[PDB]
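Structure record follows, encoded as structure tokens.
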Amino acid sequence: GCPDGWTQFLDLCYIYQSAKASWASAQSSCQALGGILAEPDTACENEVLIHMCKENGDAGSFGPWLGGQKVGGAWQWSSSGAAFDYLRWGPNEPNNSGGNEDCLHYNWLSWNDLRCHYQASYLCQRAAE
Ligand SMILES: [Ca+2]
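Okay, so the sequence shown: first residue is 1 according to the deposited numbering, each after it adds one.
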């Protein structure tokens, strides 16, 4: 199971945090909560997280942080350092607007690259116990 108030999906537990934070601050928080920024690596995981965004009024622009980051020019999941396999980029993304969009978030319920110190809400994930 999951702690109270978290959303179970299979062997994962998710939670939406509304407080606005940089990617790094959001990560540290999720780590404090015993987990990581959410890493939707499957279609079904992404559906669950998008539904959480809708639930929390964050289905528009500047939606919540996810655990992907661009490191050395390539995108990776920050928990493992693994490259992406499954991708859910929105149209024309990642567009590197401004040349410094190095963190992953939801923008209109699709993946987008955004500057890492934009202050967005965030999704955490932890293993079910
Ligand atoms: Ca972008």
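Just so you know, even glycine gets a beta-carbon here, dropped at the ideal spot from N, CA and C.
(message) Let me confirm a value: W108 is counted as buried when at least 16 other C-beta atoms fall within 10 Å, else exposed. Which label applies?
(response) On the sequence shown, position 108 is the one that residue 108 refers to. With fewer than 16 other Cβ atoms within 10 Å, it is exposed.
(message) Given a cut-off of 9 Å on the beta-carbon distance, is the pair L12 and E45 in contact?
(response) Residue numbering aside, residue 12 sits at position 12 when the sequence shown is read from its first letter. Residue numbering aside, residue 45 sits at position 45 when the sequence shown is read from its first letter. The answer is yes: Cβ separation under 9 Å.
(request) Run the proximity test for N100: is its beta-carbon closer than 8 Å to any non-hydrogen atom belonging to ligand 1? (result) By one-based count along the sequence shown, residue 100 stands at place 100. Result no, Cβ not under 8 Å from ligand 1.
(request) Would you mind reading off the limits of the alpha helix (DSSP H) that contains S97? (result) Along the sequence shown, read from residue 1 onward, the residue named residue 97 stands at position 97. Note, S97: premise wrong, no alpha helix (DSSP H); not H, not E.
(request) Could you tell me which residues DSSP pairs with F9 in its beta bridges? (result) Position 9 of the sequence shown, counted from the start, is the residue given in the question as residue 9. Answer is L12.
(request) May I ask you to verify whether the region 96 to 115 touches the region 46 to 62, counting CB pairs closer than 8 Å and requiring at least 3? (result) In this structure the region 96 to 115 touches the region 46 to 62; the number of beta carbon pairs closer than 8 Å is three or more.
(message) Starting from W89, trace the alpha helix (DSSP H) in both directions and tell me its first and last residue.
(response) Start at 1 with the first residue of the sequence shown, and residue 89 comes out as number 89. Per DSSP, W89 lies in no alpha helix (DSSP H) segment and is marked neither H nor E.
(message) Less than 9 Å between the C-beta atoms of residue 141 and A120, yes or no?
(response) The displayed coordinates of the chain run from 1 to 129. Any statement about residue 141 would go beyond what the structure contains.
(request) Quick one: give me the first and last residue of the alpha helix (DSSP H) that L33 is part of. (result) Stepping through the sequence shown from its first residue, residue 33 is reached at position 33. Premise fails: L33 is in no alpha helix (DSSP H) and is neither H nor E.
(request) Pull up the distance between the alpha-carbon of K70 and that of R115, whole angstroms please. (result) Stepping through the sequence shown from its first residue, residue 70 is reached at position 70. Stepping through the sequence shown from its first residue, residue 115 is reached at position 115. Approximately 10 Å between the Cα atoms of the pair.
(message) As a quick exercise: from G99, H105, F84 and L10, pick the residue whose alpha carbon is nearest that of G90.
(response) Looking up residue 90 in the sequence shown gives position 90. It is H105 whose Cα lies nearest to the Cα of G90.
(message) At a threshold of 8 Å, does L114 count as lining ligand 1 (C-beta to nearest heavy atom)?
(response) The residue labelled residue 114 in the question sits at position 114 within the sequence shown. Within the cutoff, so yes.
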